[PDB]
$ cat run-v9.csv   # CSV, C-alpha atoms
chain,number,residue,atom,x,y,z
W,1,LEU,CA,102.6,61.1,89.9
W,2,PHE,CA,105.7,60.4,92.0
W,3,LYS,CA,106.1,57.1,93.7
W,4,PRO,CA,107.6,55.8,96.1
W,5,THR,CA,110.7,55.9,98.5
W,6,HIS,CA,111.7,54.7,102.0
W,7,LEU,CA,111.7,58.3,103.3
W,8,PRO,CA,108.5,60.2,104.2
W,9,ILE,CA,108.5,62.6,101.3
W,10,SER,CA,105.6,65.0,101.8
W,11,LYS,CA,102.6,65.8,99.7
W,12,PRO,CA,103.7,69.5,99.8
W,13,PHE,CA,107.1,68.4,98.4
W,14,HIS,CA,105.4,66.4,95.6
W,15,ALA,CA,103.3,69.5,94.9
W,16,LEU,CA,106.4,71.7,94.7
W,17,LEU,CA,108.0,69.1,92.3
W,18,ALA,CA,104.8,68.6,90.2
W,19,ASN,CA,104.4,72.4,89.9
W,20,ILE,CA,107.9,73.0,88.6
W,21,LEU,CA,107.7,70.2,86.0
W,22,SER,CA,104.5,71.3,84.3
W,23,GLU,CA,105.5,75.0,84.7
W,24,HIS,CA,108.5,74.2,82.4
W,25,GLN,CA,106.9,71.4,80.4
W,26,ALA,CA,104.6,74.0,79.0
W,27,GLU,CA,115.4,62.6,83.0
W,28,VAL,CA,115.4,66.0,84.6
W,29,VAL,CA,117.5,68.1,87.1
W,30,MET,CA,116.2,71.0,89.2
W,31,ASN,CA,118.5,73.5,90.9
W,32,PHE,CA,117.5,76.0,93.7
W,33,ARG,CA,120.0,78.8,94.3
W,34,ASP,CA,120.3,81.8,96.6
W,35,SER,CA,122.5,84.1,94.5
W,36,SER,CA,123.7,85.8,97.7
W,37,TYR,CA,125.0,82.6,99.4
W,38,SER,CA,128.6,83.0,100.4
W,39,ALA,CA,131.2,81.2,102.5
W,40,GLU,CA,131.2,83.7,105.4
W,41,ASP,CA,128.0,85.8,104.8
W,42,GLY,CA,125.7,82.8,105.0
W,43,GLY,CA,122.5,82.6,102.9
W,44,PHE,CA,120.6,79.6,101.8
W,45,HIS,CA,122.4,76.4,100.7
W,46,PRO,CA,122.0,75.5,97.0
W,47,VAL,CA,119.9,72.4,96.4
W,48,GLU,CA,119.8,69.9,93.5
W,49,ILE,CA,117.1,67.4,92.9
W,50,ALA,CA,117.1,64.7,90.1
W,51,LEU,CA,114.1,63.0,88.6
W,52,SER,CA,113.7,60.6,85.7
W,53,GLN,CA,110.5,59.7,83.8
W,54,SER,CA,109.6,56.0,84.4
W,55,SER,CA,108.6,53.4,81.8
W,56,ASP,CA,105.0,53.2,83.1
W,57,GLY,CA,104.7,57.1,83.0
W,58,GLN,CA,105.2,58.3,86.6
W,59,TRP,CA,108.3,60.2,87.8
W,60,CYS,CA,111.0,59.0,90.2
W,61,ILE,CA,113.0,61.1,92.6
W,62,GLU,CA,116.7,60.1,92.0
W,63,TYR,CA,118.5,62.1,94.6
W,64,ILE,CA,118.3,65.2,96.7
W,65,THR,CA,121.5,67.2,97.5
W,66,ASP,CA,122.1,70.2,99.7
W,67,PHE,CA,125.5,71.9,99.2
W,68,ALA,CA,127.5,74.2,101.5
W,69,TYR,CA,130.9,75.8,101.7
W,70,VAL,CA,133.4,73.9,103.9
W,71,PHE,CA,140.0,78.5,100.6
W,72,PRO,CA,136.3,77.5,100.5
W,73,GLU,CA,134.4,75.4,97.9
W,74,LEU,CA,130.9,73.9,97.6
W,75,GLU,CA,130.7,70.3,99.1
W,76,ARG,CA,127.7,68.0,99.4
W,77,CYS,CA,126.3,68.8,102.8
W,78,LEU,CA,123.3,66.5,103.0
W,79,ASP,CA,122.6,64.0,100.3
W,80,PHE,CA,119.6,61.6,99.9
W,81,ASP,CA,120.3,59.1,97.2
W,82,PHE,CA,117.2,57.2,96.3
W,83,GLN,CA,118.7,55.3,93.3
W,84,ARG,CA,121.3,53.8,95.6
W,85,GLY,CA,119.4,53.7,98.9
W,86,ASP,CA,122.0,55.8,100.9
W,87,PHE,CA,122.1,59.1,102.7
W,88,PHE,CA,125.1,61.3,103.5
W,89,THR,CA,126.0,63.9,106.1
W,90,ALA,CA,129.5,65.2,106.9
W,91,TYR,CA,129.0,63.7,110.4
W,92,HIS,CA,127.1,60.5,109.6
W,93,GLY,CA,129.0,59.6,106.5
W,94,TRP,CA,127.2,57.0,104.2
W,95,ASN,CA,124.4,54.9,105.7
W,96,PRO,CA,121.5,53.0,104.1
W,97,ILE,CA,118.0,54.7,104.2
W,98,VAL,CA,115.5,51.7,104.4
W,99,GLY,CA,114.7,51.0,108.1
W,100,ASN,CA,117.0,53.7,109.4
W,101,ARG,CA,115.9,56.2,112.0
W,102,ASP,CA,118.6,58.8,111.7
W,103,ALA,CA,117.7,59.0,108.0
W,104,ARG,CA,114.0,59.6,108.7
W,105,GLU,CA,114.4,62.4,111.2
W,106,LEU,CA,117.2,64.1,109.2
W,107,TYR,CA,115.0,64.0,106.1
W,108,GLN,CA,111.9,65.4,107.8
W,109,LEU,CA,113.8,68.3,109.3
W,110,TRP,CA,115.6,69.0,106.0
W,111,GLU,CA,112.4,68.9,104.0
W,112,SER,CA,110.4,71.1,106.5
W,113,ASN,CA,113.2,73.7,106.3
W,114,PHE,CA,113.5,73.5,102.4
W,115,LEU,CA,109.7,73.9,102.0
W,116,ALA,CA,109.8,77.0,104.3
W,117,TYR,CA,112.6,78.5,102.2
W,118,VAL,CA,110.8,77.9,98.9
W,119,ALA,CA,107.4,79.2,100.1
W,120,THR,CA,109.1,82.4,101.3
W,121,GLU,CA,111.2,82.7,98.0
W,122,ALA,CA,114.6,82.2,99.6
W,123,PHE,CA,116.0,81.2,96.2
W,124,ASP,CA,116.2,84.0,93.5
W,125,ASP,CA,117.4,81.4,91.0
W,126,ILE,CA,115.5,78.2,90.2
W,127,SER,CA,116.5,76.4,87.0
W,128,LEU,CA,115.4,73.2,85.2
W,129,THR,CA,117.7,71.2,82.9

$ encode --input "run-v9.csv" --output "structure tokens"
Amino acid sequence: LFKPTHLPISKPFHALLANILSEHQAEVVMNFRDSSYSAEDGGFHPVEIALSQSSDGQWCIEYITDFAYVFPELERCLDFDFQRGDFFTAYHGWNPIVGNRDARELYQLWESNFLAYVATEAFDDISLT
């Protein structure tokens, strides 16, 4: 139903995505928010994920962005941009994803964390647009 990218996106992550699509279905942007998250209380970083519906029928993950407070505003914190083939961190800057090992480990850790947060209902506000 989703395929494919150069990062090891998990079956559980596809299942989360798949679930939220059809839950709403009965080009798309998902937002995950912890309404309590503040600049010096902490909480869980908001996450945005973008998907578009392919020509052949199956969905494509466009990008994944995790935002955090950095006078504080929300800045991209981690970004995995599949459309463009780049990832971002405030430390790493922009680097290509393909055969890149920092990208892989960073993504696996990010995704394991995010899936834990979701499964324990860390986000009181999940919207689809």

$ atom_distance --input "run-v9.csv" --atom1 "CA of residue 38 (chain W)" --atom2 "CA of residue 69 (chain W)"
7.7 Å

$ closest_residue --input "run-v9.csv" --among "W:122, W:90, W:74, W:116" --to "residue 13 (chain W)" --atoms "all atoms listed in the file"
W:116

$ closest_residue --input "run-v9.csv" --among "W:100, W:31, W:95, W:127" --to "residue 65 (chain W)" --atoms "all atoms listed in the file"
W:31

$ atom_distance --input "run-v9.csv" --atom1 "CA of residue 88 (chain W)" --atom2 "CA of residue 51 (chain W)"
18.6 Å

$ residues_around --input "run-v9.csv" --residues "residue 32 (chain W)" --least-positions-apart "4" --cutoff "12 Å" --atoms "all atoms listed in the file" --output "PyMOL selection string"
chain W and resi 16-17+20+37+44-50+64-67+114-115+117-118+121-129

$ residues_around --input "run-v9.csv" --residues "residue 62 (chain W)" --least-positions-apart "2" --cutoff "12 Å" --atoms "all atoms listed in the file" --output "list in words"
residues 2, 3, 4, 5, 27, 28, 29, 30, 48, 49, 50, 51, 52, 53, 54, 59, 60, 64, 65, 79, 80, 81, 82, 83, 84, 85 and 86 of chain W

$ atom_distance --input "run-v9.csv" --atom1 "CA of residue 91 (chain W)" --atom2 "CA of residue 12 (chain W)"
28.0 Å

$ build_atoms --input "run-v9.csv" --residues "region 107-126 of chain W" --atoms "N, CA, C and O atoms" --output "PDB file, in the frame of the given file"
ATOM      1  N   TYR W 107     115.781  63.647 107.277  1.00  0.00           N
ATOM      2  CA  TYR W 107     115.000  64.000 106.100  1.00  0.00           C
ATOM      3  C   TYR W 107     113.819  64.928 106.377  1.00  0.00           C
ATOM      4  O   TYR W 107     113.548  65.916 105.678  1.00  0.00           O
ATOM      5  N   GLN W 108     113.093  64.599 107.435  1.00  0.00           N
ATOM      6  CA  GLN W 108     111.900  65.400 107.800  1.00  0.00           C
ATOM      7  C   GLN W 108     112.244  66.790 108.172  1.00  0.00           C
ATOM      8  O   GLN W 108     111.513  67.695 107.825  1.00  0.00           O
ATOM      9  N   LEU W 109     113.320  66.957 108.917  1.00  0.00           N
ATOM     10  CA  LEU W 109     113.800  68.300 109.300  1.00  0.00           C
ATOM     11  C   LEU W 109     114.316  69.018 108.055  1.00  0.00           C
ATOM     12  O   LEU W 109     113.959  70.157 107.880  1.00  0.00           O
ATOM     13  N   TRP W 110     115.173  68.384 107.248  1.00  0.00           N
ATOM     14  CA  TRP W 110     115.600  69.000 106.000  1.00  0.00           C
ATOM     15  C   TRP W 110     114.453  69.479 105.136  1.00  0.00           C
ATOM     16  O   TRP W 110     114.468  70.618 104.609  1.00  0.00           O
ATOM     17  N   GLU W 111     113.463  68.609 104.946  1.00  0.00           N
ATOM     18  CA  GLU W 111     112.400  68.900 104.000  1.00  0.00           C
ATOM     19  C   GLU W 111     111.429  70.035 104.513  1.00  0.00           C
ATOM     20  O   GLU W 111     110.957  70.823 103.714  1.00  0.00           O
ATOM     21  N   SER W 112     111.144  70.055 105.809  1.00  0.00           N
ATOM     22  CA  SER W 112     110.400  71.100 106.500  1.00  0.00           C
ATOM     23  C   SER W 112     111.094  72.515 106.332  1.00  0.00           C
ATOM     24  O   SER W 112     110.484  73.549 106.010  1.00  0.00           O
ATOM     25  N   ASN W 113     112.406  72.513 106.511  1.00  0.00           N
ATOM     26  CA  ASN W 113     113.200  73.700 106.300  1.00  0.00           C
ATOM     27  C   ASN W 113     113.150  74.129 104.780  1.00  0.00           C
ATOM     28  O   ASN W 113     112.804  75.266 104.462  1.00  0.00           O
ATOM     29  N   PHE W 114     113.479  73.224 103.875  1.00  0.00           N
ATOM     30  CA  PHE W 114     113.500  73.500 102.400  1.00  0.00           C
ATOM     31  C   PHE W 114     112.136  74.074 101.941  1.00  0.00           C
ATOM     32  O   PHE W 114     112.094  75.058 101.211  1.00  0.00           O
ATOM     33  N   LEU W 115     111.049  73.435 102.344  1.00  0.00           N
ATOM     34  CA  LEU W 115     109.700  73.900 102.000  1.00  0.00           C
ATOM     35  C   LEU W 115     109.386  75.332 102.559  1.00  0.00           C
ATOM     36  O   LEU W 115     108.791  76.144 101.847  1.00  0.00           O
ATOM     37  N   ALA W 116     109.834  75.630 103.779  1.00  0.00           N
ATOM     38  CA  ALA W 116     109.800  77.000 104.300  1.00  0.00           C
ATOM     39  C   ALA W 116     110.519  78.015 103.427  1.00  0.00           C
ATOM     40  O   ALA W 116     110.010  79.114 103.143  1.00  0.00           O
ATOM     41  N   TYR W 117     111.726  77.648 103.020  1.00  0.00           N
ATOM     42  CA  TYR W 117     112.600  78.500 102.200  1.00  0.00           C
ATOM     43  C   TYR W 117     111.959  78.792 100.855  1.00  0.00           C
ATOM     44  O   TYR W 117     111.908  79.929 100.435  1.00  0.00           O
ATOM     45  N   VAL W 118     111.518  77.744 100.166  1.00  0.00           N
ATOM     46  CA  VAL W 118     110.800  77.900  98.900  1.00  0.00           C
ATOM     47  C   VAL W 118     109.545  78.745  98.983  1.00  0.00           C
ATOM     48  O   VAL W 118     109.356  79.648  98.179  1.00  0.00           O
ATOM     49  N   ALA W 119     108.691  78.474  99.960  1.00  0.00           N
ATOM     50  CA  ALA W 119     107.400  79.200 100.100  1.00  0.00           C
ATOM     51  C   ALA W 119     107.609  80.694 100.400  1.00  0.00           C
ATOM     52  O   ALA W 119     106.706  81.485 100.139  1.00  0.00           O
ATOM     53  N   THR W 120     108.767  81.051 100.986  1.00  0.00           N
ATOM     54  CA  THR W 120     109.100  82.400 101.300  1.00  0.00           C
ATOM     55  C   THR W 120     110.130  82.991 100.216  1.00  0.00           C
ATOM     56  O   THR W 120     110.717  84.034 100.407  1.00  0.00           O
ATOM     57  N   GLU W 121     110.305  82.278  99.109  1.00  0.00           N
ATOM     58  CA  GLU W 121     111.200  82.700  98.000  1.00  0.00           C
ATOM     59  C   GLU W 121     112.612  83.034  98.415  1.00  0.00           C
ATOM     60  O   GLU W 121     113.176  84.090  98.075  1.00  0.00           O
ATOM     61  N   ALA W 122     113.215  82.098  99.156  1.00  0.00           N
ATOM     62  CA  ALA W 122     114.600  82.200  99.600  1.00  0.00           C
ATOM     63  C   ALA W 122     115.555  82.133  98.380  1.00  0.00           C
ATOM     64  O   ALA W 122     116.665  82.643  98.420  1.00  0.00           O
ATOM     65  N   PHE W 123     115.119  81.461  97.330  1.00  0.00           N
ATOM     66  CA  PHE W 123     116.000  81.200  96.200  1.00  0.00           C
ATOM     67  C   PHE W 123     115.583  82.141  95.003  1.00  0.00           C
ATOM     68  O   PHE W 123     114.580  81.892  94.343  1.00  0.00           O
ATOM     69  N   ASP W 124     116.403  83.159  94.730  1.00  0.00           N
ATOM     70  CA  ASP W 124     116.200  84.000  93.500  1.00  0.00           C
ATOM     71  C   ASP W 124     116.572  83.382  92.179  1.00  0.00           C
ATOM     72  O   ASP W 124     116.499  84.057  91.149  1.00  0.00           O
ATOM     73  N   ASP W 125     116.921  82.089  92.165  1.00  0.00           N
ATOM     74  CA  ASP W 125     117.400  81.400  91.000  1.00  0.00           C
ATOM     75  C   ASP W 125     117.030  79.937  90.991  1.00  0.00           C
ATOM     76  O   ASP W 125     117.715  79.115  91.599  1.00  0.00           O
ATOM     77  N   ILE W 126     115.920  79.602  90.344  1.00  0.00           N
ATOM     78  CA  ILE W 126     115.500  78.200  90.200  1.00  0.00           C
ATOM     79  C   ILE W 126     115.475  77.770  88.765  1.00  0.00           C
ATOM     80  O   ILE W 126     114.709  78.308  87.957  1.00  0.00           O
TER      81      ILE W 126
END
